[PDB]
Amino acid sequence: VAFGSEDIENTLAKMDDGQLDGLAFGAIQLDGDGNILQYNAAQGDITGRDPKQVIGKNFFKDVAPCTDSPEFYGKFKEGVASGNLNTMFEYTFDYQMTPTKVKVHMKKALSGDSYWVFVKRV
Ligand SMILES: *C(=O)/C=C/c1ccc(O)cc1
């Protein structure tokens, strides 16, 4: 499955951990409050985070403070509220990692109270 696919949430809904770890792009699942439900191997290759240990943490408060901004967290909460989350933009990640330019795609999941954040290098 390709980053930015129109029905990416359908494909990923069918995947287990190993399959999510096989994706070409970083994939995080958050609940509506921003707590991390899932975090794949490709994401940890970009950020230096251990996917096994960031589970349960809050993405915006603790893990990724640079994303606590109208440009990222603001768009997340707008989409959670509207129920339409599906948005793409560029960003730079730089907390406890080398500053890294990325493309981000956020999209609501099919499962309850879950939201995908997809990331690739640019
Ligand atoms: C800015 O501080 C971003 C940090 C970051 C983004 C994404 C991650 O999965 C981990 C840290």
Side-chain angles (χ1 to χ4, degrees):
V1 56
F3 180 93
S5 292
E6 191 58 21
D7 63 347
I8 189 169
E9 73 271 25
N10 281 9
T11 305
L12 268 55
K14 302 181 247 172
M15 286 186 167
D16 69 16
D17 286 350
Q19 300 170 97
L20 296 177
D21 287 340
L23 294 167
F25 50 89
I28 305 171
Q29 197 174 237
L30 304 183
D31 70 13
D33 284 350
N35 299 309
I36 296 168
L37 303 175
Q38 287 190 264
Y39 195 101
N40 78 345
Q43 186 64 9
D45 290 348
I46 296 169
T47 65
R49 277 59 176 180
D50 179 2
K52 296 189 175 17
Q53 290 309 312
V54 290
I55 307 304
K57 298 190 161 64
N58 189 276
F59 184 78
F60 298 107
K61 179 184 179 307
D62 299 309
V63 175
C66 80
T67 72
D68 179 3
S69 72
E71 292 72 29
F72 193 136
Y73 186 24
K75 286 187 174 174
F76 178 82
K77 72 105 116 172
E78 285 160 10
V80 169
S82 64
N84 200 179
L85 186 69
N86 182 10
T87 189
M88 302 177 95
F89 53 93
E90 284 202 15
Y91 214 77
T92 294
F93 290 167
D94 62 2
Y95 185 65
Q96 301 191 161
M97 53 181 288
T98 301
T100 300
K101 288 193 306 162
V102 297
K103 184 174 209 170
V104 180
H105 176 206
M106 294 193 285
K107 191 159 202 200
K108 186 181 175 314
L110 301 192
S111 67
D113 188 25
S114 101
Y115 307 89
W116 297 107
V117 180
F118 304 120
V119 178
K120 68 166 187 177
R121 294 174 186 266
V122 301

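When reading the values below, keep in mind they use all heavy atoms of this one structure, side chains included, and skip hydrogens, waters and symmetry mates. Here, residue 1 is the first one in the sequence, and each next residue gets the next number.
For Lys57 (side chain) and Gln53 (main-chain N/O), a donor-acceptor pair under 3.5 Å exists by modelled atom type. Judged by distance alone, with hydrogens and angles left aside, the side-chain atoms of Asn40 form a donor-acceptor pair with the main-chain N or O of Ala27 at under 3.5 Å. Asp33 places no side-chain N or O within 3.5 Å of a backbone atom of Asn35 that could act as its donor or acceptor partner. With hydrogens and angles disregarded, no donor-acceptor distance shorter than 3.5 Å links the side chain of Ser5 to the backbone of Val1.
Taken to the nearest 0.5 Å, the NZ atom of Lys120 stands 10.0 Å off from the CZ atom of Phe25. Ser114 OG to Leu37 CG: the interatomic distance, rounded to the nearest 0.5 Å, is 6.5 Å. Considering CG of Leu110 and NZ of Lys14, their distance stands at 10.0 Å, rounded to 0.5 Å. One distance of note links CD of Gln29 with CD1 of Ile55; it measures 9.5 Å at 0.5 Å rounding. With values rounded to the nearest 0.5 angstrom, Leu12 atom CG is found 10.5 Å from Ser111 atom OG.
The side chain to side chain donor-acceptor pair (under 3.5 Å) contacts involving residues 15-27 comprise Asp16-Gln19, where partners must be two or more places apart or lie in separate chains. For residues 103-119, the pairs satisfying salt bridge (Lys or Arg N to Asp or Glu O under 4.0 Å) are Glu9-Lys107, with sequence neighbours left out. Within the structure, salt bridge (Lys or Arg N to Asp or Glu O under 4.0 Å) pairs that include any residue of residues 39-53 do not occur (at least two apart or interchain).
If you look at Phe76 and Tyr115, their ring centroids are closer than 6.0 Å.
Hydrophobic clustering keeps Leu20 apart from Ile28 (ILVMFWY residues linked when any side-chain heavy atoms are closer than 4.5 Å, directly or through intermediates). Note: the hydrophobic cluster containing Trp116 does not contain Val119 (ILVMFWY, side chain heavy atoms under 4.5 Å, direct or indirect links). Both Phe72 and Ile46 belong to a common hydrophobic cluster when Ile, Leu, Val, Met, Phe, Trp and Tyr are linked at side-chain heavy-atom distances under 4.5 angstrom. The same ILVMFWY cluster, assembled from side-chain heavy atoms under 4.5 Å apart, contains both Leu23 and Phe3.
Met88 has its side chain out of reach of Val104: every pair of non-hydrogen atoms, C-beta onward, lies at least 4.5 Å apart. Between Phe59 and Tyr73 there is no side-chain heavy-atom pair separated by less than 4.5 Å. Counting heavy atoms from C-beta on, the side chains of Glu78 and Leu85 never come closer than 4.5 Å. The shortest side-chain heavy-atom distance between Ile36 and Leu30 falls under the 4.5 Å cut-off. In this structure the side chain of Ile8 reaches within 4.5 angstrom of the side chain of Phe118, judged on heavy atoms. Looking at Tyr91 and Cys66, their side chains come closer than 4.5 Å, going by heavy atoms from C-beta outward. For the pair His105 and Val117, the minimum side-chain heavy-atom distance is 4.5 Å or more.
Remark: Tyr39 engages no residue in a ring-ring contact (aromatic ring centres under 6.0 Å, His included) (not counting sequence neighbours).
Grouping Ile, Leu, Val, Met, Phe, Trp and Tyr by side-chain contacts under 4.5 Å, direct or through others, leaves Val122 on its own.
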Solution key, residues 93-102 side-chain donor-acceptor pairs under 3.5 Å, sequence neighbours excluded:
from: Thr100; atom 1: OG1; to: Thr98; atom 2: O; distance (Å): 2.7

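The two residues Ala41 and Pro51 have their closest heavy-atom pair at CA-CG, 4.3 Å.
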